[PDB]
Amino acid sequence: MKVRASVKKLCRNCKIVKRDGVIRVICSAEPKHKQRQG
Amino acid sequence: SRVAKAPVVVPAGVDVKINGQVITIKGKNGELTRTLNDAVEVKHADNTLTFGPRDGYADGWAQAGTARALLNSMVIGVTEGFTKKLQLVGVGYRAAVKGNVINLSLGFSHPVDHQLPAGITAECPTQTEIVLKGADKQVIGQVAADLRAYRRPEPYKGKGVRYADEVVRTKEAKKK
Amino acid sequence: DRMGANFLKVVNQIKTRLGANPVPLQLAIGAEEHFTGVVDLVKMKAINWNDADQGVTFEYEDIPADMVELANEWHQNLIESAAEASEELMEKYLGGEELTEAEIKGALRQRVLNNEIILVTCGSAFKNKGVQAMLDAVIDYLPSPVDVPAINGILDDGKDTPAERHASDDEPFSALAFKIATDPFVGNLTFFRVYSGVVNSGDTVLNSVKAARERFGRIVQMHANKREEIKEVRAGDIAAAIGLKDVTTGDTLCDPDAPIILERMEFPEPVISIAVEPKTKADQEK
Amino acid sequence: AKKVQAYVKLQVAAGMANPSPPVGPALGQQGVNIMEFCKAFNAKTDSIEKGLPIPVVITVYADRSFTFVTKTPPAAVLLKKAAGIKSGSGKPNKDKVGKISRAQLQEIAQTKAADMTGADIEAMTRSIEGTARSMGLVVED
RNA sequence: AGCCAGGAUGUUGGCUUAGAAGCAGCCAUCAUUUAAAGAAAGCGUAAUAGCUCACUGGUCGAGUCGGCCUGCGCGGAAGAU
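Protein chains in written order, with this note's numbering: chain A, 3 to 40; chain B, 2 to 177; chain C, 13 to 298; chain D, 17 to 157.
So, in structure tokens, the structure goes:
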């Protein structure tokens, strides 16, 4: 999970759910599109 | 809501034991009980079960919205069951069932034979296909996902242990 | 002696990819780790191997009880393989004359001169399991230089008359030149094989395809590595036709006033081209 | 006719026997002997002077079967068969070269009227005027 | 929002055609049928077969959706007996 202050909804099918409070964004086929902070 | 427009119809062959918050479902081949939270108002009204969110816990529409989906699965799981098949794609990798134990030909210097708990009648038609049978929807995944986590799908060959319906995304080397 | 090593899969994979007709003979006993027997099906005998020794036992027994039916359904396909090899075994597959170990190979050996079936054998080289088994088929399923069509020297340019010469010692001499290695002792060396005829030591062996004169020096045989001087080369040995002044790929090694070959087929093309450069300017001289 | 299994209309000039690589996949969909689609159409291909892309459609069936529908060449390539060059659309509304009147357009529409139930005469007339303006062509009668 | 569900089909959409064949990119950017379809969004990809968005055409049978303004909240937030 890459970390950066900006979670920008980047991939076309990008889920966003708030697990534990810190946002981590869920793609389907791209592992590269998953950030976690912010 | 959609969940409030979703009542569940218990059929004949599965008995409920409504001691208020604690419901123990006497079914076909097991006992699928869940001790829910106090954000629910349960009533097996006539035959079709009706539920309700308790006051104070107005977020119990969520907490019983779990429950409406829950008990529907329980009355159909204790009778019919889940076929949870896994596909072993590994070079020299086999699967064979004995009693309640599964072998794991997993490319190690030592064998891994793990015993599997109750609510499991496992089978193996061949070395690469493995049945799992169960009554709870949780236990039919939890014992399945532990095997898959021992050898995850490798996205350079397609190697690994993977589900029947799961479709991996294998890549290409592209350098050497 | 490995995982995923199914013997019956691979021989029945040839009929799908290679499209050939293999009928295997020496089958498998053991779950690849406690593997002890190789199932020869003609004599219907399993062979014991070494506990872990580099080569003690050859103990033949019967078919074990754990494979009494797979030997049944596979032997009946072995004895099929002579009724459709020769036409004469067709009426005793169905009539029920006994298909012995010695009778069936007399048809199948003639099925190696046309090569429609190949003979397969499972076992281990490194675990010393099968190597002592694999030798007896070579004298009975691989052809001899006197059982084959021998040296066939055609002519030169006059007429196409292919002439089967004799495989015995009663012919003009004949050989071929291949695997022509080098050495810092004598220079050029060969790994040549003589098909028939006998040569003495010291001869005006020519190379009659490229019009050059050579003389036959001190011939040396090997254990693939060690110099052993072979003086008298008999018909069928493999040695080193030493001291050839010029020699090409596959020309004759033959006395004059004799039959003559002129044959070079499938000259290859080395494709990838890299340019070597010297280190010192004294190096480019060498 | 059929449904979500397969329906693609792709065929180009039938002087080429071997399936052209990009057409290949529309024959590489439901397991054909590619010699069969070469031997089906050539009985009627000897009634033409080849050079124009003639279209066919593919449509499939359960076991190993297939079917196909023969029509006439479209008027889009018939616009640029008479005009000499096969590709004129470089600038649509800035090129004024080349005239064919409506009489040519209807006689290449009777061969549509004798073949197909859509692509009707009077409705295609503005689109056979519409494929003229995109190519940069003029029309007068 | 999901299961059935056609992805109605003129066309090869050029150019330059080697494939730039709706899926590389610049100019057009009409539509034969319009109760469902654009000379077009990605993946499959040299091109396409596979899978969709397009209208949800038929079922559920009620609410639902994207942004503007504020009350507060979370992440951002790592230091040295």
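Ideal Cβ placement from N, Cα and C applies to all residues, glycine included.
Whole-angstrom distance between residue j and residue i, CA atom to CA atom
{"i": "C/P157", "j": "C/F190", "result": "18 Å"}
{"i": "C/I192", "j": "C/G165", "result": "22 Å"}
{"i": "C/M102", "j": "C/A95", "result": "4 Å"}
{"i": "B/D137", "j": "B/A174", "result": "41 Å"}
{"i": "D/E138", "j": "D/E65", "result": "28 Å"}
{"i": "B/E32", "j": "B/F109", "result": "38 Å"}
{"i": "residue 299 of chain C", "j": "C/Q38", "result": "Since the first and last residues shown for chain C are 13 and 298, residue 299 of chain C lies out of range."}
{"i": "C/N126", "j": "C/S93", "result": "14 Å"}
{"i": "D/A91", "j": "D/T133", "result": "15 Å"}
{"i": "B/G21", "j": "B/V41", "result": "10 Å"}
{"i": "B/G61", "j": "B/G142", "result": "26 Å"}
{"i": "C/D215", "j": "C/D267", "result": "8 Å"}
{"i": "B/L133", "j": "B/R152", "result": "18 Å"}
{"i": "D/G31", "j": "D/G67", "result": "7 Å"}
{"i": "C/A224", "j": "C/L218", "result": "6 Å"}
{"i": "D/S36", "j": "C/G262", "result": "45 Å"}
{"i": "C/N212", "j": "C/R29", "result": "49 Å"}
{"i": "C/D172", "j": "C/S186", "result": "19 Å"}
{"i": "D/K97", "j": "C/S285", "result": "50 Å"}
{"i": "A/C29", "j": "A/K11", "result": "10 Å"}
{"i": "B/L87", "j": "A/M3", "result": "28 Å"}
{"i": "C/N62", "j": "C/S136", "result": "12 Å"}
{"i": "A/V24", "j": "B/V90", "result": "36 Å"}
{"i": "B/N104", "j": "B/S74", "result": "30 Å"}
Best match in the options for proximity to residue i [C-alpha to C-alpha]
{"i": "A/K20", "options": "A/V9, A/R14, A/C13", "result": "A/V9"}
{"i": "C/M56", "options": "C/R14, C/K27, C/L111, C/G107", "result": "C/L111"}
{"i": "A/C16", "options": "A/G40, A/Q39, A/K34", "result": "A/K34"}
{"i": "B/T51", "options": "B/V144, B/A59, B/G66", "result": "B/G66"}
{"i": "C/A247", "options": "C/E226, C/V50, C/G262, C/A179", "result": "C/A179"}
{"i": "C/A40", "options": "C/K27, C/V22, C/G31", "result": "C/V22"}
{"i": "C/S208", "options": "C/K243, C/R121, C/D159, C/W61", "result": "C/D159"}
{"i": "C/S220", "options": "C/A236, C/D295, C/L265, C/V198", "result": "C/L265"}
{"i": "C/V143", "options": "C/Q122, C/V68, C/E81", "result": "C/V68"}
{"i": "B/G28", "options": "B/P12, B/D39, B/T84", "result": "B/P12"}
{"i": "C/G118", "options": "C/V54, C/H87, C/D195", "result": "C/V54"}
{"i": "B/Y164", "options": "B/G93, B/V76, B/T84", "result": "B/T84"}
{"i": "C/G108", "options": "C/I91, C/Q122, C/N212", "result": "C/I91"}
{"i": "C/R177", "options": "C/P290, C/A270, C/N60", "result": "C/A270"}
{"i": "C/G229", "options": "C/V198, C/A236, C/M15", "result": "C/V198"}
{"i": "C/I273", "options": "C/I163, C/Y105, C/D63, C/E113", "result": "C/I163"}
{"i": "D/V28", "options": "D/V20, D/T88, D/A17", "result": "D/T88"}
Continuous beta strand (DSSP E) stretch holding residue i: start and end
{"i": "D/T86", "result": "82–86"}
{"i": "C/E44", "result": "Looking at the DSSP string, C/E44 is not in any beta strand (DSSP E), and its letter there is neither H nor E."}
{"i": "C/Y207", "result": "204–208"}
{"i": "B/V90", "result": "87–90"}
{"i": "B/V23", "result": "23–27"}
{"i": "D/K96", "result": "Element bounds for D/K96: not the beta strand (DSSP E) but the alpha helix (DSSP H), 91–98."}
{"i": "D/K128", "result": "That residue, D/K128, is in no beta strand (DSSP E); its alpha helix (DSSP H) goes 118–129."}
{"i": "A/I18", "result": "17–19"}
{"i": "C/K57", "result": "57–59"}
Residue span of the alpha helix (DSSP H) that contains residue i, given as start and end
{"i": "C/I273", "result": "Careful: C/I273 lies outside any alpha helix (DSSP H) and carries neither H nor E."}
{"i": "D/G146", "result": "143–151"}
{"i": "D/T61", "result": "58–61"}
{"i": "B/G142", "result": "140–149"}
{"i": "C/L20", "result": "19–26"}
{"i": "B/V102", "result": "Here B/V102 belongs to no alpha helix (DSSP H); instead the beta strand (DSSP E) covers 102–105."}
{"i": "C/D152", "result": "150–153"}
{"i": "C/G118", "result": "113–120"}
Any non-hydrogen atom of the ligand NAD closer than 7 Å to residue i Cβ
{"i": "B/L87", "result": "Looking for the ligand NAD in the displayed structure turns up nothing, as the structure carries no ligands at all."}
Indicate whether the contact test is met: 3 or more Cβ pairs, each with one atom in the segment 108–126 of chain D and one in the segment 138–153 of chain D, closer than 8 Å. With a cut-off of 8 Å, the segment 138–153 of chain D and the segment 108–126 of chain D count as touching, because enough Cβ pairs lie within range.
I'd like to know if the segment 48–56 of chain D and the segment 267–285 of chain C are in contact, where contact means that at least 3 CB-CB pairs between them fall below 8 Å. Three or more Cβ pairs closer than 8 Å define a contact, and the segment 48–56 of chain D falls short of that threshold against the segment 267–285 of chain C.
Across the segment 108–127 of chain D and the segment 73–86 of chain D, are there enough close Cβ pairs to call them in contact, namely three or more that are closer than 8 Å? With the cut-off at 8 Å, the segment 108–127 of chain D and the segment 73–86 of chain D do not touch.
Examine the Cβ distances between the segment 249–262 of chain C and the segment 195–210 of chain C and report whether three or more of them are shorter than 8 Å. Three or more beta-carbon pairs separated by less than 8 Å link the segment 249–262 of chain C to the segment 195–210 of chain C, which places the two stretches in contact.
Whether or not the segment 114–128 of chain B and the segment 26–35 of chain C are in contact is what I'm after, with contact meaning three or more pairs of Cβ atoms, one per stretch, closer than 8 Å; do they touch? In short, these stretches do not touch, since the Cβ pair count stays below three.
Where are the alpha helix (DSSP H) runs, 4 residues long or more, that stay fully inside the segment 24–71 of chain D, in chain order? For the segment 24–71 of chain D, the continuous alpha helix (DSSP H) assignments of 4+ residues that do not extend past its boundaries occur at 40–43, 50–56, 58–61, in sequence order.
Pairs of beta-carbons, one from the segment 64–84 of chain B and one from the segment 93–101 of chain B, closer than 8 Å: are there three or more? Not touching, per the Cβ criterion.
Going along the chain, which unbroken runs of the alpha helix (DSSP H) with 4 or more residues stay wholly within the segment 64–102 of chain C? Fully enclosed alpha helix (DSSP H) runs of 4 or longer: 82–90.
Going residue by residue through the segment 31–97 of chain B, where are the continuous alpha helix (DSSP H) segments of at least 4 residues, counting only ones entirely within it? Annotation: the segment 31–97 of chain B contains the following complete segments of the alpha helix (DSSP H) (minimum length 4 residues), in chain order: 61–64, 66–78.
Completely contained beta strand (DSSP E) runs for the segment 174–237 of chain C, where each covers 3 or more residues: DSSP runs (the beta strand (DSSP E)) wholly in the segment 174–237 of chain C: 186–188, 204–208.
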